[PDB]
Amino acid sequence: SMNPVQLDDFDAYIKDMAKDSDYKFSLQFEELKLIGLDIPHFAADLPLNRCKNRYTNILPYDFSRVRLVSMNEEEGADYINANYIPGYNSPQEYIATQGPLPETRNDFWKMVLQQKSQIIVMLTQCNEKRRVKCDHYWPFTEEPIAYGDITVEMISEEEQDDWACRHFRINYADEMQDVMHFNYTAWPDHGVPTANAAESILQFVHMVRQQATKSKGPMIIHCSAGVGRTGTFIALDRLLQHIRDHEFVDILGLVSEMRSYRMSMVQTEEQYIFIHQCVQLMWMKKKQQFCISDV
């Protein structure tokens, strides 16, 4: 479950991964399916926490789960469906979480505050094609809204074709924190995304990364399950940095590592292949960069 590939061999690699109706893609993916099967998630299974999980089979591992501050000995007080994930720069660079439910939106804001996260990435619209994905857990207007103990004011909201950016100021009594929220709204349909789809997503990943160099705390990433589009964005973000610095990539290693921190990161084979497609584009662009001589 690591397979590092030299970038000047990546073209031939993906052609081989693609032969026989993507057979080697499937085989790697079947390797990945096994990662984390015997890592405990006892907390995720507590009775009082059943209603805090969007899905019954997307549960946070106990070792990497994010804990909320607990006033109580009440069961599951500290629980949220979120895990820390390593990144390119730090071992707790990200938090991958499900899209908040109405019943957990308060818990979600508590996490943002307690974790001192200044960046939230949302890879879904609240509803898509008449299916619920995520509660609209932030305000609709500029008027501050109380979410349990934490008030959120939208300071600004900028909408583009494929994404929107929102500045939130959050407070808990005398404690105040500023948070940027980035919502990608054009996540492609099943199955082979266009060239423009891949380019749009890479542009989005680039913009979030620019804000991350200015900020501190974990970067919170969610979709609906907090595994599929979420793992994909995290993979892409790390791969962008990696490919800037190196002449090789290990995508298999990368997803294997992520699945050790949260189950089912990169949910589908189609997403796994999409990562490879995005890496082919990153490589093309780096090769364009090679035609400029500075040093």
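In this text, residue numbers run from 1 along the sequence as written.
Once the C-alpha B-factors are averaged per stretch, 186 to 194 and 200 to 208 rank with 186 to 194 first. Once the C-alpha B-factors are averaged per stretch, 213 to 221 and 77 to 85 rank with 213 to 221 first.
When the C-alpha B-factors of 241, 57, 26, 268 are ranked from the entry, the top spot goes to 57.
Taking only the listed residues 120, 123, 132, 155, the entry reports the highest CA temperature factor at 132. In this PDB entry, the Cα temperature factor of residue 147 sits in the bottom third of its chain's modelled residues, the lowest group. Remark: residue 15 belongs to the highest third of its chain, ranked by C-alpha B-factor as recorded. When the modelled residues of the chain are ordered by C-alpha B-factor, residue 179 sits in the lowest third. Among the modelled residues of its chain, residue 30 has a C-alpha B-factor that falls in the lowest third according to the deposited record. Placement of the Cα temperature factor of residue 286 within the chain: highest third of the modelled residues, per the deposited record.
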